[PDB]
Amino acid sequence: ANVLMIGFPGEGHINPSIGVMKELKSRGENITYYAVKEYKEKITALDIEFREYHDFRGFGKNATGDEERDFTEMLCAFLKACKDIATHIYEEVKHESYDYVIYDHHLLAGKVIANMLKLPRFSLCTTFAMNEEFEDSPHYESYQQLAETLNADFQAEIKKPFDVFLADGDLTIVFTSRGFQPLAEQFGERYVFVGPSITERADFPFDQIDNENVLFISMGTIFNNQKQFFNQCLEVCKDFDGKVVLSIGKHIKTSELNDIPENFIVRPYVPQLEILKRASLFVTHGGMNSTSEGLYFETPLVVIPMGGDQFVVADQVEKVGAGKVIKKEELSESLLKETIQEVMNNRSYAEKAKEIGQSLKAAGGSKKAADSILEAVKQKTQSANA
């Protein structure tokens, strides 16, 4: 069948989609993937057609997490971006032949396009599953009028501001297991909890970490403007008996940091899945992808949440006993060292990380995702005839 995929502008959204697109292609699907130019190479590597839409970020990069955020302003930028992307894509696809639509769950545009084409549609949810459980500013005026335009014309059914990034499809594919999800039992059969979507991705000196203990540190791809934290890591981990792989993001130069201790390997970006296979501990911001990848590879965590859903993922890691949280406000050299030591020392963390990892692996990954979608498309094509 002919599939229209619309992604979200972030590496945490694109990465899990790759395994699903790979699986669908192998099972006969012919895929057109819309995304921002930044992530083009990740899609062209599957030999899938890439098409561009305008990158409405600019924020989504070089964040401290200390920034002034107007929820309602952010919502306006999102809703304006939705209208623009839906208008752009529909104009290109309106006379093309697609059997169904896949889209990133946080890009309302994808649901709008599926409504415009009147096709079956499937959302890919890279956060926890979210329902209602989980706005009177200088930008509030536009918000309400954007939402009205989208509701009237683009069948967006935006009731609450929370609806704006919770665009459920016919199924919502969730890249966790019911074993990790907060309030898992509130989510019905249309939430397919497949756990992590893990496959080979698009240099790293692996010979330097072969037969070394590995401690991995990364604040992900957005909240990585963390010079003070990276300098604290250097003092905390210099006596680690092994190698410390530190990902510092694509903005801070290594030379802007204090002198790098001889046991560190510092890079802007690392093959994170390959590092985690070798890692005995992961110091993470609690991004859902980084957290779920770490637990998938049975790595205990120290979570330093910066923003968005990281606070709810940090809370969940601590609740199930697979790691320990340090709030950014409580970060010191001493507490960071004591916390790293505790999570490596206390075998409880590694055992719980293994248990969650088994649950995440048992959920079936990109294969279960692609199988559920195809089965749902077979069933609509069948119940149609009936």
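From 1 onward, residues are counted along the sequence shown.
**Q** Per the record, how many residues of the deposited chain fall between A202 and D203 without being modelled: none, 1 to 3, 4 to 9, or 10 or more?
**A** The entry has 1 to 3 unmodelled residues between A202 and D203.
**Q** With respect to the deposited sequence, how many residues separating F311 from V312 are not represented by coordinates: none, 1 to 3, 4 to 9, or 10 or more?
**A** Missing in between: none.
**Q** Which of the two stretches, 147 to 155 or 254 to 262, shows the higher mean Cα temperature factor in the record?
**A** It is 147 to 155.
**Q** Output the stretch having the higher mean C-alpha B factor in the entry; the candidates are 367 to 375 and 11 to 19.
**A** Mean C-alpha B-factor is greater for 367 to 375.
**Q** Just the C-alpha B-factor column, please: which of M219, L166, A129, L246 has the biggest number?
**A** Going by the entry's C-alpha B-factors, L166 comes out highest.
**Q** Among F180, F175, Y140, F297, which residue carries the highest C-alpha B-factor recorded in the PDB entry?
**A** When the deposited C-alpha B-factors of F180, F175, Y140, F297 are compared, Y140 is largest.
**Q** Is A384 in the lowest, middle or highest third of its chain when residues are ranked by C-alpha B-factor?
**A** As the PDB entry reports it, the C-alpha B-factor of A384 lands in the highest third of its chain.
**Q** By the recorded C-alpha temperature factor, relative to the other modelled residues in its chain, which third is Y53 in?
**A** For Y53, whose C-alpha B-factor we compare with every modelled residue in the chain, the answer is the middle third.
**Q** Give the position of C76 by CA B-factor within its chain, expressed as the lowest, middle or highest third.
**A** Ranked within chain, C76 CA B lands in the highest tercile.
**Q** Pull the Cα B-factor of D207 out of the PDB entry and bin it into the chain's lowest, middle or highest third.
**A** Highest third - that is where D207 ends up once the chain's C-alpha B-factors are sorted.
**Q** Place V317 in the lowest, middle or highest third of its chain's C-alpha B-factors, as listed in the PDB entry.
**A** Its C-alpha B-factor, which the entry lists for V317, ranks in the lowest third among residues of this chain.
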